[PDB]
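S.K.: in the first instance, please consider these chains from the complex; the rest will follow:
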Amino acid sequence: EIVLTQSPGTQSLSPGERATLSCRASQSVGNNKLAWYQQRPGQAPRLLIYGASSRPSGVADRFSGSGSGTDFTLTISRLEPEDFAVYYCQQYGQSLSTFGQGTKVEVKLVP
Amino acid sequence: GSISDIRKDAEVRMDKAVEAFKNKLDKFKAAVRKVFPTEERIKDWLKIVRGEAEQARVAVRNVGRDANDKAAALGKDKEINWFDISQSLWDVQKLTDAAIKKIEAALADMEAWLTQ
């Protein structure tokens, strides 16, 4: 069984900053079958990246994924307010698919 | 076993179904060359050749179905990544599409000859 682990736990940044999210696997993810999902509050998850680095159509190009083996990163280059959400990684490189525990990215509002 | 060995077998067996049909048509054309073209015989050749096509299409459906089976049996295997099985179903549909299309071509080619 592959335990996936995300770091940091929480992320506090302003609009326009570059956010970098980490996902690390206890053993190597078979064929780099790692996905990154965005889940806004009260909403179903949205696919951002797959096969480690592939971005599906309709996902803005400010999202990108990289890494192989047991060490993976999602980068959001220029945070827009609507990016405030929890982000999970998933591995589906063996029959028992397992998710990360989640990184919450908090954006901010002018006082 | 492997997921890709399912793909191999499907193609070899589908390719085999299809050249079997071509070969039956080549020999059929040679038998037809010793007969006087006639409108009723022309009606008999087409029926034969179309019915042969169908036998070949059925042979190919069966290969896909058995490949799909083989893909499902790997389902009950922890040593096989279940998330790669879809891809096999897809691959065997693409080979089937190919195999059928090549049968449709070989038929179409032949019917042209019988009526030309």
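M.R.: Nice, thanks for sending it over. Residues are numbered from 1 along each chain as shown, chains lettered A, B, ... in the order given.
S.K.: for the longest helix belonging to chain B, the distance to its chain's centre please.
M.R.: Of all segments of type helix in chain B, defined using DSSP state H, the longest is helix B:39-73. Centroid separation between helix B:39-73 and its chain, computed with CA atoms, centre = their mean, to the nearest Å, is 6 Å.
S.K.: residues near residue B:72, how many?
M.R.: Summarising burial for residue B:72: neighbours were counted as other CB atoms under 10 Å in any protein chain shown, giving 12. Any C-beta I mention is one placed from the backbone N, CA and C, and that applies to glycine too.
S.K.: skipping adjacent residues, who's closest to it in space?
M.R.: Nearest residue to residue B:72, sequence neighbours excluded (CB to CB, 6 or more residues apart in numbering or on different chains): residue B:85, at 7.8 Å.
S.K.: got the contact list for that neighbour?
M.R.: Residues in contact with residue B:85 (CB atoms under 8 Å, 6 or more residues apart in numbering or on different chains) are B:3, B:71, B:72, B:74, B:75.
S.K.: any residue of stretch A:47-60 touching chain B?
M.R.: No: legend: contact between stretch A:47-60 and chain B by CB under 8 Å from any CB of the partner chain is lacking; minimum distance shown is 11.2 Å.
S.K.: just the buried residues of that stretch, please?
M.R.: Of the residues in stretch A:47-60, those scored as buried under the neighbour-count criterion (16 or more other CB atoms under 10 Å in any protein chain shown) are A:48, A:49, A:50, A:52, A:55.
S.K.: wait, isn't the fourth one in contact with residue A:73?
M.R.: Think residue A:52. No: the pair residue A:52 and residue A:73 does not pass the contact test of CB atoms under 8 Å, sitting 9.6 Å apart.
S.K.: on that earlier part again, if any of the contacts of residue B:85 are buried, give me the ChimeraX selection for them.
M.R.: Only the buried entries of these go into this ChimeraX selection, using 16+ other CB under 10 Å:
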select /B:3,71,74
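S.K.: with the structure above as the base, add chain C:
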Amino acid sequence: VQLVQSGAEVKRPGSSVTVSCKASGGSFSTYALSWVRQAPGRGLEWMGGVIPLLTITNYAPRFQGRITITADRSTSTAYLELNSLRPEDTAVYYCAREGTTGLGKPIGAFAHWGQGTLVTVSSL
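M.R.: With chain C now in place:
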């Protein structure tokens, strides 16, 4: 591709729950459908899935013994039956289907998600 789930359901411990998920649009027979749940305020967790063409199932060991996944091909509907419920089974249950490239090549990652179904297991 649109997935539509059955409605909220309040269950007592020991009861079974059956969640339904209908693919609207898209091809259905050949693409892997997974169920995935989320307890209040917690992480997503994968439960299992099925490829409908020959009901090719895949259960997470921790549910094996309680779970059954099936699909009816004519109605494009997938099914999760969860037996012997417990308060820990209180979550939102999402059905999620794999995405294609561009019918198109399967990618594994869940591109398509249902609206989730709330199952509350209440001792009350």
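S.K.: please look at the neighbour count of residue B:72 again, because chain C has been put in.
M.R.: Residues lying near residue B:72 (other CB under 10 Å) number 18.
S.K.: for residue B:15, see how far away residue C:97 is.
M.R.: Here the distance between residue C:97 and residue B:15 works out to 32 Å (CB to CB, to the nearest Å).
S.K.: just checking, what packs against the longest helix of chain B?
M.R.: Applying 3 or more CB pairs under 8 Å, 6 or more residues apart in numbering or on different chains; DSSP states H and E, one finds that helix B:39-73 makes contact with helix B:3-32, helix B:85-115.
S.K.: can you pull the buried residues of the longest one?
M.R.: Within helix B:85-115, the residues that qualify as buried are B:85-93, B:95-96, B:99-100, B:102-103, B:106-107, B:110, B:114, counting by 16+ other CB under 10 Å.
S.K.: please see if that helix touches chain C.
M.R.: Yes: Helix B:85-115 lies in contact with chain C when judged by CB under 8 Å from any CB; the contacting residues are B:85, B:86, B:87, B:89, B:90, B:93.
S.K.: repeat that for the shortest one.
M.R.: No: looking at helix B:3-32 against chain C by CB under 8 Å from any CB, there are no contacts, and the closest approach is 12.2 Å.
S.K.: who does the helix or strand where residue A:38 lies pair with, and is each partner parallel or antiparallel?
M.R.: Assigned by DSSP states H and E, residue A:38 belongs to strand A:34-39. Counting by DSSP bridges, the strands paired with strand A:34-39 are strand A:46-49 (antiparallel), strand A:85-91 (antiparallel).
S.K.: more neighbours, residue C:97 and residue B:15?
M.R.: Higher neighbour count among residue C:97 and residue B:15: residue C:97, with 23 against 16, using other CB under 10 Å.
S.K.: do a quick rundown of the strands in the chain.
M.R.: This is for chain A. For chain A, the strands defined by DSSP state E cover A:4-7, A:10-12, A:19-25, A:34-39, A:46-49, A:63-68, A:71-76, A:85-91, A:98-99, A:103-106.
S.K.: meant chain C actually
M.R.: With DSSP E, the ranges of strands along chain C come out as C:2-5, C:9-11, C:17-24, C:33-38, C:45-51, C:56-59, C:67-72, C:77-82, C:91-100, C:106-113, C:117-121.
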